[PDB]
Amino acid sequence: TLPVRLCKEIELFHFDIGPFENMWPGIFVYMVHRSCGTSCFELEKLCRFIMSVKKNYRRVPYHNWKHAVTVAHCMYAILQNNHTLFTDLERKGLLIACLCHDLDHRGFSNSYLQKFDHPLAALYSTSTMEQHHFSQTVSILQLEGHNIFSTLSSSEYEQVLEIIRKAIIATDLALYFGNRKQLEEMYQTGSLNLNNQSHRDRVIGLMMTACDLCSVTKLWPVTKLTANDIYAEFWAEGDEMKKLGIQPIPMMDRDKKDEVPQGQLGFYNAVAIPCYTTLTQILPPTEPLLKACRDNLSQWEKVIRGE
Ligand SMILES: [Mg+2]
Ligand SMILES: [Zn+2]
């Protein structure tokens, strides 16, 4: 059972799962139960699926089990605030996609894998890791007793894997820039229509980006602690790059730590602030995410100024 104090807190966008590690599997079950009913999946199947998903996140500093549940929780808060707008299969597909979105991540970006001719880059040309994370999701669903979508029809089973596949591919940041530009135009003119499937996929796509970057929408002490974990992974990539005779970008160079506040400032102005601004225009109840992002942009502007 979930403690009473958490039941109120889990609904809010700023909830930090950080302090409840032993409760993360149960928090995911509670979010699924609240989002699509107590008989959303056969409980025994769901629990085996969750533990296998947990076992398939590596012990890397950032793209680990904790990140998967953080992203899942952010999606739950979007779905709890945007009732009736999402179908039952979408609510169901999106929570699973979020838990699985970074499965079997090795702490290396697509650029490294594409630059050092890694076997995964030969198999998957673009969105290299995201195509591997989707493959890991399908392999897990196909394990004995792990098929949580057994109750669905053929038509429904193939729809949910498609919601999941597009959702996991939308977590490739390289695709975010164009997707947000198209949504921004559609909204400003008045073309945006959620009944059109292509628009829906785009709206879901940006929700996946919002969820995946939600460490920038927590209270400042949490945002700062997560950033140290992201950088430990980025700096470990840059160290391998140095060993292979390639000077890494500043963001992955541990000798360039002093550029972090300015790098953070640019990531908020170019990536995160526009993401949550566009999301807020389409889904007004998601406003707390933009407000929290703005509060952390102000904290980074304070670090650079010397406050
Ligand atoms: Mg990812
Ligand atoms: Zn992620």
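Quick note: structure is the one above.
Residues numbered from 1 in each chain as written, not as in the entry; some residues may be left out. Chains lettered and ligands numbered in written order. Heavy atoms only, no water.

Surrounding the zinc ion (ligand 2) are the protein donor atoms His67 (NE2), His101 (NE2), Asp102 (OD) and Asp212 (OD), which sit 2.0 to 2.2 Å from the metal. One can describe the donor arrangement at the zinc ion (ligand 2) as irregular, given that its four donor atoms subtend angles of 84 to 174 degrees at the metal. In the primary sequence, the donor residues of the zinc ion (ligand 2) line up as H-x33-H-D-x109-D. For the pair the zinc ion (ligand 2) and the magnesium ion (ligand 1), the metal-to-metal distance amounts to 3.5 Å, and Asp102 bridges them. Here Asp212 lies in helix α11 (residues 197–212) and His101 lies in the loop between α5 (88–100) and α6 (110–115), a separation of 111 residues in the sequence. (Donors = N, O, S within 2.8 Å, 3.2 Å for Na, K, Ca; no water. Tetrahedral: all angles 85-135°; square planar, octahedral: opposite > 155°, others 65-115°. Helix = DSSP H or I, 4+ residues; strand = E, 2+ residues; numbered from the N terminus.)

Attention now goes to the nonpolar core. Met207 and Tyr276 are the most contacted members of the largest nonpolar core, which has 85 residues in total. Leave out the neighbours within four places in its chain, and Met207 touches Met75, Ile78, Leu79, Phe86, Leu94, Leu279 and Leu283. (Core = buried A, V, L, I, M, F, W, Y, C linked by side-chain atoms within 4.5 Å. Buried < 20%, exposed > 50% of the residue type's maximum accessible area, 1.4 Å probe, protein only. Contact = heavy atoms within 4.5 Å.)

Next up on the list: helix α14 (residues 287–305). Here α14 spans 27 Å end to end across 19 residues, near enough to the 27 Å set by a 1.5 Å rise per residue. Every buried residue belonging to α14 is among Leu289, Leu290, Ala292, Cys293, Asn296, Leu297 and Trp300, and all of these are buried. The buried residues of α14 occupy one face: seen down the axis, they fall within an arc of 165 degrees. Away from its buried face by more than 90 degrees, α14 exposes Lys291 and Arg305. Positive phi appears at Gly306, one or two residues downstream of α14, with a value of about 100 degrees. (Expected span 1.5 Å × (residues − 1). Arc of directions from axis to C-beta.)

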